[PDB]
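Since the structure comes first, as structure tokens, the remarks are kept for the end.
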Amino acid sequence: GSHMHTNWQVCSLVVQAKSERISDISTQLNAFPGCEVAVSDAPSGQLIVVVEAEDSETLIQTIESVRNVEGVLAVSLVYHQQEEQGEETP
Amino acid sequence: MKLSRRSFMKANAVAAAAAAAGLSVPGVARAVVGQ
């Protein structure tokens, strides 16, 4: 829609937890302001949730919640989402 | 609420979350159309 793009720092993280565990914790990430569930799929009990914060230091802080959560058995966050310039990979 | 991007981001996020986390292929398959 016309010109309108501007962001600070945010990426998509794939939280891996028991099939019904993620529904409890994963759905919670969508309730938070910074963290937000982008893609909700039950392929193996893992959902995609993006989180934004002042900088990476605060962004990684959120992972401590999903990683420390027992329901979460694994965590694969690989996706940079920010409007400003290009110089990385998918 | 102010939600205006999860639709465009989910398109690219799934591309890096599906081919990496073996997630589903929402925009990584339907390609029979070009233009």
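Within each chain, counting starts at residue 1; across the structure tokens, chains are named A, B, ... in the order shown, with ligands numbered 1 upward in that order.
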Could you give me, as number ranges by chain, the residues within 9 Å of residue A:54, counting only C-alpha atoms and dropping anything in the same chain fewer than 4 positions from it? A: 8-9, 58-59
Those of stretch 20-90 of chain A in DSSP helix (DSSP H, G or I), formatted as an MDAnalysis selection string: chainID A and resid 20:31 56:68
For the residues in the current selection, export C-alpha atoms as a PDB file, in the first residue's frame.
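The resulting result-v9.pdb:
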ATOM      1  CA  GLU A  20      -0.488 -30.000  23.260  1.00  0.00           C
ATOM      2  CA  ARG A  21       2.249 -28.187  25.208  1.00  0.00           C
ATOM      3  CA  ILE A  22       2.761 -25.516  22.554  1.00  0.00           C
ATOM      4  CA  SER A  23      -0.972 -24.831  22.428  1.00  0.00           C
ATOM      5  CA  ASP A  24      -0.615 -23.773  26.076  1.00  0.00           C
ATOM      6  CA  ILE A  25       2.716 -21.882  25.893  1.00  0.00           C
ATOM      7  CA  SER A  26       2.872 -21.138  22.142  1.00  0.00           C
ATOM      8  CA  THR A  27      -0.613 -19.562  22.198  1.00  0.00           C
ATOM      9  CA  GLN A  28       0.629 -17.461  25.139  1.00  0.00           C
ATOM     10  CA  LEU A  29       3.403 -15.925  23.008  1.00  0.00           C
ATOM     11  CA  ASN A  30       0.642 -14.467  20.803  1.00  0.00           C
ATOM     12  CA  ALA A  31      -0.895 -12.827  23.897  1.00  0.00           C
ATOM     13  CA  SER A  56      18.937  -8.541  20.071  1.00  0.00           C
ATOM     14  CA  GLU A  57      19.874  -8.655  23.778  1.00  0.00           C
ATOM     15  CA  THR A  58      16.181  -8.252  24.687  1.00  0.00           C
ATOM     16  CA  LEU A  59      15.030 -10.481  21.800  1.00  0.00           C
ATOM     17  CA  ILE A  60      17.079 -13.440  23.080  1.00  0.00           C
ATOM     18  CA  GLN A  61      15.643 -12.813  26.560  1.00  0.00           C
ATOM     19  CA  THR A  62      12.253 -14.121  25.368  1.00  0.00           C
ATOM     20  CA  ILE A  63      13.857 -17.405  24.228  1.00  0.00           C
ATOM     21  CA  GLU A  64      14.758 -18.083  27.881  1.00  0.00           C
ATOM     22  CA  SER A  65      11.005 -18.519  28.453  1.00  0.00           C
ATOM     23  CA  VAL A  66      10.368 -21.028  25.632  1.00  0.00           C
ATOM     24  CA  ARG A  67      13.707 -22.824  26.155  1.00  0.00           C
ATOM     25  CA  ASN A  68      13.224 -23.064  29.945  1.00  0.00           C
TER      26      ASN A  68
END
Residue among B:6, B:30, B:35, B:18 lying closest to chain A, counting only C-alpha atoms: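 Closest to chain A of all the choices is B:6.
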Distance cut-off 9 Å, counting only C-alpha atoms - which residues of chain B neighbour chain A? Return them as number ranges by chain. B: 6-7, 9-10, 12-17, 20-24
Could you write out the selected residues, including N, CA and C atoms, as a short mmCIF file (atom, residue, chain, number, x, y, z; two decimals), in the first residue's frame?
data_model
loop_
_atom_site.label_atom_id
_atom_site.label_comp_id
_atom_site.auth_asym_id
_atom_site.auth_seq_id
_atom_site.Cartn_x
_atom_site.Cartn_y
_atom_site.Cartn_z
N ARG B 6 1.72 -9.36 9.64
CA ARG B 6 1.77 -10.83 9.87
C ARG B 6 1.39 -11.57 8.59
N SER B 7 0.67 -10.93 7.71
CA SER B 7 0.27 -11.60 6.44
C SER B 7 1.45 -11.61 5.46
N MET B 9 4.75 -11.03 6.40
CA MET B 9 5.89 -11.70 7.07
C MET B 9 5.69 -13.21 7.07
N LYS B 10 4.53 -13.67 7.46
CA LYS B 10 4.28 -15.14 7.48
C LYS B 10 4.67 -15.76 6.13
N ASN B 12 7.25 -14.97 4.16
CA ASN B 12 8.72 -15.22 4.13
C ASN B 12 9.12 -16.08 5.33
N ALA B 13 8.55 -15.82 6.48
CA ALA B 13 8.90 -16.63 7.68
C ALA B 13 8.72 -18.12 7.40
N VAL B 14 7.61 -18.49 6.83
CA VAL B 14 7.38 -19.93 6.53
C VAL B 14 8.46 -20.45 5.58
N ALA B 15 8.94 -19.62 4.70
CA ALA B 15 9.99 -20.06 3.74
C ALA B 15 11.28 -20.42 4.50
N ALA B 16 11.54 -19.74 5.58
CA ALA B 16 12.78 -20.03 6.37
C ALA B 16 12.45 -20.97 7.54
N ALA B 17 11.19 -21.13 7.84
CA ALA B 17 10.81 -22.03 8.97
C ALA B 17 10.39 -23.40 8.43
N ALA B 20 13.61 -25.16 6.94
CA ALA B 20 14.59 -25.34 8.05
C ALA B 20 13.98 -26.17 9.18
N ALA B 21 12.83 -25.78 9.65
CA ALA B 21 12.18 -26.55 10.76
C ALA B 21 11.26 -27.62 10.18
N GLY B 22 11.38 -27.91 8.91
CA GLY B 22 10.52 -28.95 8.29
C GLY B 22 9.05 -28.58 8.50
N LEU B 23 8.76 -27.32 8.67
CA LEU B 23 7.34 -26.90 8.88
C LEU B 23 6.51 -27.18 7.62
N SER B 24 5.36 -26.57 7.52
CA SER B 24 4.51 -26.79 6.32
C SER B 24 4.97 -25.90 5.17
#
Which one is closest to residue B:1: A:72, A:1, A:87, A:33? Count only C-alpha atoms.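 Closest to residue B:1 of all the choices is A:33.
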Which of stretch 1-88 of chain A DSSP labels strand (DSSP E or B), written as JSON, numbers by chain: {"A": [10, 11, 12, 13, 14, 15, 16, 17, 36, 37, 38, 39, 46, 47, 48, 49, 50, 51, 52, 72, 73, 74, 75, 76, 80, 81]}
Please report the interatomic distance between atom CA of residue A:53 and atom CA of residue B:4 in Å with one decimal.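 Going from atom CA of residue A:53 over to atom CA of residue B:4, I get 17.9 Å.
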Go ahead and compute the interatomic distance for atom CA of residue B:29 and atom CA of residue B:5, in Å to one decimal.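 These atoms are spaced 21.4 Å apart.
Reported to one decimal place, the separation of atom CA of residue B:8 from atom CA of residue A:19 is 26.2 Å.
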One residue among A:2, A:34, A:18, A:7 is nearest to residue A:85 when using only C-alpha atoms, and that residue is A:7
